[PDB]
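Chemist: Structure for this input, please:
(one chain, ligands or ions: 1)
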Amino acid sequence: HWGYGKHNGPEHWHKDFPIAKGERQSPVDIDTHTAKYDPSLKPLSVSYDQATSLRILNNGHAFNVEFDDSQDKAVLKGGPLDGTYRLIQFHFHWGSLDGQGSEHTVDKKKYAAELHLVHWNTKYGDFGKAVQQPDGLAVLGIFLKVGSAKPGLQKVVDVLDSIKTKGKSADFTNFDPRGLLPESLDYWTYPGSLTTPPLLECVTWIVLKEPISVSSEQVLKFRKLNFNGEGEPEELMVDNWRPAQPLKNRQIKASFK
Ligand SMILES: [Zn+2]
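Modeler: Residues are numbered from 1 along each chain as shown. And now the structure:
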């Protein structure tokens, strides 16, 4: 099926998912000199106080840390968002080299990786109904750069050896996602889509300005993961990022000047 190789990569997705060439696709390049400061944007509210992580899974495309979203234990509000959005999972996109890996770009600059914290609009009952709505999801995008290690990310890094191949999952309780946030919450925001098939245009993207630092040893462990399932030929899980798509008829707003 779909993947990131030469024969099933982003360039081929449009054949099975025509929305790939749609009106509001992601990711996109963020031109900081074109983004408009929107003073009508309310402060962003990240309430991960009662976050309840459950499992970590290798799905053949990346790894997801899932949370219990049956209640408003971990929600995102404010900013350009109306209503409450529940955290359902987070995952990363990274490269085979430190100069690439992120999905969104800033003035064309690519980062080593990108963290995506996925939330869904509670007004819609469940995640499945939410992806069918133009304002169904809110994804918090965070850039990763190679520098000093990130304490909050080591716990994830430590368990990657247990979910090396596609289909593997491991218990991952009591993880605190607040450990993955940078100091500042300044951000850029625009209407877009999921960056992987089905590429549904149901996402309000919130990309933070300030990246978090991770060590080379930490990113190296991400690169040790496998796209393939156990017993199959080994394909290193690297460069699982979709490149920037045309902004078209969209405007990127900034919460800061
Ligand atoms: Zn993602």
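
Chemist: got a list of what residue 24 touches?
Modeler: Neighbouring residues of residue 24 by Cβ atoms under 8 Å, 6 or more residues apart in numbering: 191-193, 201, 248, 250. (C-beta placed from N, C-alpha, C; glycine too.)

Chemist: Also residue 3?
Modeler: 9, 60-61, 227.

Chemist: next one: residue 44
Modeler: Going by Cβ under 8 Å, 6+ apart, residue 44 touches 76, 78-79, 185, 187, 206, 255.

Chemist: sorry, back to before: any of the contacts of residue 24 buried? List them.
Modeler: Neighbour counting with 16 or more other Cβ atoms under 10 Å marks 191-193, 201 as buried within the contacts of residue 24.

Chemist: got a list of what residue 12 touches?
Modeler: By Cβ under 8 Å, 6+ apart, the contact list for residue 12 reads residue 2.

Chemist: Look up how far residue 51 lies from the residue nearest to residue 122 when sequence neighbours are not counted.
Modeler: Sequence neighbours aside, residue 84 is the residue nearest to residue 122 in space, at 4.9 Å (criterion: Cβ to Cβ, 6 or more residues apart in numbering). Residue 84 is 14 Å from residue 51, where distance means Cβ to Cβ, to the nearest Å.

Chemist: Please, which helix or strand holds the nearest residue to residue 103 once chain neighbours are set aside?
Modeler: Leaving out its chain neighbours, the residue that sits closest to residue 103 by Cβ to Cβ, 6+ apart is residue 27, at 3.8 Å. Assigning secondary structure by DSSP states H and E places residue 27 outside every helix and strand.

Chemist: same deal with the one 5 residues further on?
Modeler: Residue 32 is part of no helix or strand, with elements assigned from DSSP H and E.

Chemist: What is the burial count for the residue nearest to it when sequence neighbours are not counted?
Modeler: Excluding its sequence neighbours, the residue lying closest to residue 32 (Cβ to Cβ, 6+ apart) is residue 107, at 5.6 Å. Residues near residue 107, counting by other Cβ atoms under 10 Å, number 10.

Chemist: Surely residue 107 touches residue 35?
Modeler: No - using Cβ atoms under 8 Å as the test, residue 107 is too far from residue 35 to be in contact (10.2 Å).

Chemist: give the contact list for residue 213.
Modeler: 144-150.

Chemist: Assumed it was part of a strand.
Modeler: Yes - assessed by DSSP: H, G, I helix; E, B strand; the rest coil, residue 213 belongs to a strand.

Chemist: Looking at the contacts of residue 213, which are in strands?
Modeler: Among the contacts of residue 213, DSSP state E puts 144-146 in strands.

Chemist: Who wins on neighbours among these?
Modeler: For those, counting by other Cβ under 10 Å, the largest number of neighbours falls to residue 144: 27 neighbours.

Chemist: in stretch 23-42, what counts as buried?
Modeler: Buried-residue list, stretch 23-42, by 16+ other Cβ under 10 Å: 24-30, 35, 41.

Chemist: how about CSV for the residues you listed, with distance to residue 65 added?
Modeler: Conversion of the buried residues of stretch 23-42 to CSV gives the following (distance: Cβ to Cβ, whole Å):
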residue, distance to residue 65
24, 27
25, 25
26, 21
27, 21
28, 25
29, 28
30, 25
35, 30
41, 28
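
Chemist: how about these, which pair is most distant?
Modeler: 25 and 41 (22.9 Å; Cβ to Cβ).

Chemist: could the contacts of residue 213 be laid out in CSV, adding distance to residue 103?
Modeler: Listed next are the contacts of residue 213 as CSV, based on distance: Cβ to Cβ, whole Å:
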residue, distance to residue 103
144, 12
145, 15
146, 17
147, 20
148, 23
149, 23
150, 19
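
Chemist: Tell me the one of those residues nearest residue 20?
Modeler: Taking Cβ to Cβ as the measure, residue 20 lies nearest residue 144 of the contacts of residue 213, at 25.6 Å.
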